[PDB]
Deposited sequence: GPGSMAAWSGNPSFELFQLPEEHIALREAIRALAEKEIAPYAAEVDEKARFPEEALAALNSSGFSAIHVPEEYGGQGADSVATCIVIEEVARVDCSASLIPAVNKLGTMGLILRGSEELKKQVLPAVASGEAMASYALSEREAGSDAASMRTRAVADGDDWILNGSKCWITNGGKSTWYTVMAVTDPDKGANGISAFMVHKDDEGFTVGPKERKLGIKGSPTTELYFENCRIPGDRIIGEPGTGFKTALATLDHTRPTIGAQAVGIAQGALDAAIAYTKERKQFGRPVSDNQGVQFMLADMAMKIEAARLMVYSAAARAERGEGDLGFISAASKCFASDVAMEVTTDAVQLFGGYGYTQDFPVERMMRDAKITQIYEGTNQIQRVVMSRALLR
């Protein structure tokens, strides 16, 4: 049934998404065509449970959607990937009352969700965040700022971490759902980036941002716990994204090298090139299987998830650098897509925990 799912999303991606991926990048503009196609086909947030009108897709299927979209446009693949990132905490730990306000809109395609953890002085060290939430009667008052927020300015709902008790450290962070129209909440300017150019990446500001008491996810002081829980059920989807990029770059190189002739023969006739292609495909398949395994394990209940994400992203970086190479001069131009794929691949090694952090998680598990 994943065979059929893959055929469906690939057909959708190639027809409605792929033709605009070069513009989305070149012009650094939101992938609107992709959003419309994902929303109307119901592929924008398949992970949302059926109870809220979602597909209730299993975790492997969700990875397959992200991977197949990323295979033609990595900025577009951040629509389903951050929809998951921005709703996973709520799903796992949120109250039914809160879930009902948010999930049906994400499930139906009416709203996107973003995830707001990071701050200028708190990236890898997320627990040193400075944004705070102070109770005030029935409300929470948010003050501070966040940065690196994917789909900032396009999302309707934001999962936002803030300090509710500074003296409890990691155990004094809470998570809140913030709506875009909430007073005191503003979206900052977009970053200029190496790749995923069309994906808006913004600062956010909270100046006495008053939100209802029902917006808190779980008990106060459980926000960091929830952040870690979020990442366990999302890191493989960034692995799936890296796998898709890699696959698209390999697909392009195979097609091009077969058709491009030098020395009176296809450049793919040269065993140096054949071996490079083999190495790219071998590692992509290994990375894909570890992604799916990590995803299936997460669903059923740190090592495998960090591994799947670290490995697939390392693989995508090598594969896309090789794919640019196999096109020769044309690979270095915007006329072909592999140049964009290479710039996009680099982010997968950085967000949803840097690959150095993934190695920290992995080694801690091995050595415990």
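Residues 1 to 21, 323 to 326 of the deposited sequence, counted from 1, carry no C-alpha coordinates in the model.
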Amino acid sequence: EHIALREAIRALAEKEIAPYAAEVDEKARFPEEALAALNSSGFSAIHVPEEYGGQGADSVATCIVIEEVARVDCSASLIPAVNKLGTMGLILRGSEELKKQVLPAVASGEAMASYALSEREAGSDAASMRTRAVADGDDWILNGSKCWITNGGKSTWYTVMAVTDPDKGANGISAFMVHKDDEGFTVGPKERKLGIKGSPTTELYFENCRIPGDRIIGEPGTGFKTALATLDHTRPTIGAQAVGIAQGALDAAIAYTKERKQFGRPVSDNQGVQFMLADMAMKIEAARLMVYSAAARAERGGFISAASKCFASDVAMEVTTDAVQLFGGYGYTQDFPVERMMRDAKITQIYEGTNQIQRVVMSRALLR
From here on, numbers count along this sequence of modelled residues.
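On average the C-alpha atoms of 170 to 178 have higher B-factors than those of the other stretch, with 170 to 178 and 142 to 150 being the two compared.
For the pair 287 to 295 and 129 to 137, the record assigns the higher mean C-alpha temperature factor to 129 to 137. Set against one another, the Cα B-factors of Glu207, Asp73, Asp269, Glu119 in the record reach their highest point at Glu207. The entry lists C-alpha B-factors for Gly248, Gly123, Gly195, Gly218, and the highest of these is at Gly218. Among the modelled residues of the chain, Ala365 sits in the middle third by CA temperature factor in this PDB entry. In the PDB entry, a CA B factor belonging to the highest third of its chain's modelled residues is recorded for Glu50. Sort the chain's modelled residues by C-alpha temperature factor and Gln274 lands in the lowest third, per the entry.
The deposited CA B-factor of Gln334 belongs to the middle third of values across its chain. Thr87: CA B factor in the middle third of modelled residues in this chain (values from the PDB entry).
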